[PDB]
């Protein structure tokens, strides 16, 4: 359990494997980054380009500069910022499109809160890296749009048409239920507002950060279970029995992050207690001694090992270790990284990470790059460990 060795292995992995892979996807002919790479490492240069992917690339290279001081990474972030500003930002109705073509032609023009949140997250990180206030101004405008067009008493309406007329929340629902409230969307609003507030100390941003933290404590968390509600209606009634172990452990450390900034000391204590309760129950129920399982939908336990779940497990257990100094969390975090190294890091040349292996540890055919597989979960796992003192 050598933490210095752990950190230097993560830094070496980030610099030798993850950063060069994502740099190789830069699209200098059309802007942005290539949108898709299949299981066999074939890039589709003409694939549509997802906005979540672009914003996660923007966040990643900006954070690489902020932590490692790599000027080349800052340039790669600039490239992602330009494509966001020029192609993903809707000149007619504002906010970010869901996807554009390889040329930047709008393809899916619907406006989802999840996409706007990742815009805020990446733009605020880019402001820190570049000093370019326009990025912070765009982040603040996305914040204003979420608060004034998308927010209601019980949280955010999650999906809209291009012109901000409400729509059914299908892109963020799963398991055959159309959920109008998802923990997933609300968690990434919380994440983006934490990063925004960290860099922009405005009362309106603070109050919205406290508000979404309170929603997690009072409505989304199921007290004493270590579990968050997953897919709900607008009253946060669960539409299906479901537990997402990866979202639980990601929420644990993201809630602790936000708690740093709370001025309500009672709330802060409740949040820190809740975050540890989630970490403890997740370790007990989902960690098998090498890695974390995925989710339970109704009675079906998915024991596949998903790349982003294991990444968030390393961060979430390392955070629980830092808070408690209980060695069990440190051991679980390092063991999960060893699992990743052995089973999810791609051994082919000039590759990255695999999407998943099944319970039997066999790789399943899945893309390496797409709208939902980016450098954010795995890059952040490295950057977060490196950052912490």
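Positions refer to the first chain, counted from 1.
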>> Highest mean C-alpha temperature factor of the two stretches 120-128 and 216-224, which is it?
In response: 216-224
> Per the entry, where is the mean C-alpha temperature factor higher: 316-324 or 340-348?
Replying inline: 340-348
> Highest CA temperature factor in the entry: which of 302, 250, 82, 144?
Replying inline: 302
> From 134, 174, 75, 191, which pick has the Cα B-factor that tops the rest in the entry?
Replying inline: 174
> Going by what the PDB entry lists, where does residue 39 fall on CA B-factor within its chain: lowest, middle or highest third?
Replying inline: highest
> Where does residue 155 sit by CA temperature factor within its chain: lowest, middle or highest third?
Replying inline: highest
> Going by the entry, which third of its chain does the Cα temperature factor of residue 244 land in?
Replying inline: middle
> If you rank the chain by CA B-factor, which third does residue 202 end up in: lowest, middle or highest?
Replying inline: highest
> Within this chain, which third does the Cα B-factor at residue 282 fall in: lowest, middle or highest?
Replying inline: lowest
